[PDB]
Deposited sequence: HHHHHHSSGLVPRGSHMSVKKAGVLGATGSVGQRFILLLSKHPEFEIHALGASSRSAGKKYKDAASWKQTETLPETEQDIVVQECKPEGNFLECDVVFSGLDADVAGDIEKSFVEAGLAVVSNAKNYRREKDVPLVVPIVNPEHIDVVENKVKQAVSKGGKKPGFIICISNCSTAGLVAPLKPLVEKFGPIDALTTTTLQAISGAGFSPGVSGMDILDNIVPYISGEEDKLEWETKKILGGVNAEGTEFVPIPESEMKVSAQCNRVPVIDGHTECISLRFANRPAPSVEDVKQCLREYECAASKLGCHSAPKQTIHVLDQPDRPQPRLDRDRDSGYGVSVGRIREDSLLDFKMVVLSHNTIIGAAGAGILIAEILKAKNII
């Protein structure tokens, strides 16, 4: 069965990738596209300075970009993805929720809101239960389906937590966590980055440190709001860097378990290679069976040689070994195809589709 999909901020970078993906999806129909006044009225192909290495089909190319209001075609969408600029996403997404619509957003605005799930779909799909219970209890009493928002974490946060989930399931809570990122370009000018390193990405470290606590966190007794891992319970230290690499974020991570003793390296590696995410078990269309590709070569993963090879995995993980300060260190290569805003967004909608929320 085909659900109708809308895209807010459709002309932007993340918006482009949303439409590109949904275009190949057998379960979704691109029904409404939204951007600013500068774009409204134009065919998508004229509204968007297309920056993807892949071209878009003609039928999607001719679709007329609409204003970002819960109106006409947007009121007809079963799910509304959002890559809106944060300057406008606040007001707009709220009115979409108010109109009773299902919003899956990459905007940072509502990420830290207490009743809003912050979801890396290959890691914490269970955090969606909060909206699931709200929705299903509302409709069972005969009332109108409330409308809600689920937020998509960034590629960097998603890369950090991805290997952590199986490890936390098997060996219990992680109380200490470091990450130094080596982040790719995919604005950053050639002037800024060529033969250079910028040891600062604005807001990225606070994002990384705070979001991971919510994603790996829990819910309050009333089951309506999220209770992120408190600071006394888990320390997270991020250092983010831009590097002269076109595609694929690398993270050099360190971790310690709260429960003693630490497992063995082989148990850790075996845990990571064996993990199947909840979304795969639900039978979701865009979910990877295995979310992690464990690599044994001592110089792997590398962004350039493992980008395509492992594009079916959430992350590639290499150099898993015992640490000198915490328990283990390892190297993580994110894959945009799976854990990128667009890929994460579609999977959330599939999870919503299964479980009958949309």
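**Q** Could you spell out the stretches of the deposited sequence that were left without C-alpha coordinates, going in sequence order?
**A** Holes in the chain trace, numbered from 1: 1-17, 204-209.
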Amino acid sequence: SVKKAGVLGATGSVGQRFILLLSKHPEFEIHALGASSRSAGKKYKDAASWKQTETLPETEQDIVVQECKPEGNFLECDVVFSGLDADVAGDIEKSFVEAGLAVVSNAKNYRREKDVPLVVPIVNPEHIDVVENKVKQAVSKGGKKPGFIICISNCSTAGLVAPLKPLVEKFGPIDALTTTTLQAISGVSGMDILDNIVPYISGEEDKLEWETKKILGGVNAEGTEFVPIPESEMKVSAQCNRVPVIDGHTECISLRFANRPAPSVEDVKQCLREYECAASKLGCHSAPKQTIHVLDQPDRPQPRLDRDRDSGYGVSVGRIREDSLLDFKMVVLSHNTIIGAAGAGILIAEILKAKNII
From here on, numbers count along this sequence of modelled residues.
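**Q** Per the entry, where is the mean C-alpha temperature factor higher: 198-206 or 226-234?
**A** Comparing 198-206 with 226-234, the higher mean C-alpha B-factor belongs to 226-234.
**Q** Quick one: higher average CA temperature factor, 137-145 or 168-176?
**A** Here the higher of the two C-alpha B-factor means belongs to 137-145.
**Q** Please work out which residue in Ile30, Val315, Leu325, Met330 has the highest C-alpha B-factor recorded for this crystal structure.
**A** Of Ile30, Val315, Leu325, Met330, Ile30 has the highest C-alpha B-factor.
**Q** Based on the PDB record, which member of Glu251, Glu76, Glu126, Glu211 exhibits the highest Cα temperature factor?
**A** Checking the PDB record, the top C-alpha B-factor among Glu251, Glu76, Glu126, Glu211 is at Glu76.
**Q** Sort the modelled residues of this chain by their C-alpha B factor and say whether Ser334 lands in the lowest, middle or highest third.
**A** For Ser334, the deposited C-alpha B-factor lands in the lowest third.
**Q** Ranking every modelled residue in this chain by its Cα temperature factor as given in the entry, which third contains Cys240?
**A** According to the entry, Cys240 has a C-alpha B-factor in the chain's lowest third.
**Q** Check where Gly190 lands among this chain's C-alpha B-factors and tell me if it's the lowest, middle or highest third.
**A** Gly190: CA B-factor falls in the highest third of its chain.
**Q** Based on the entry's values, in what third of the chain does the Cα temperature factor of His285 lie: lowest, middle or highest?
**A** It belongs to the highest third of the chain when residues are ordered by C-alpha B-factor.
**Q** Looking at the temperature factor on the CA atom of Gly72, which third of the chain's modelled residues does it land in?
**A** Highest third of the chain for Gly72's C-alpha B-factor.
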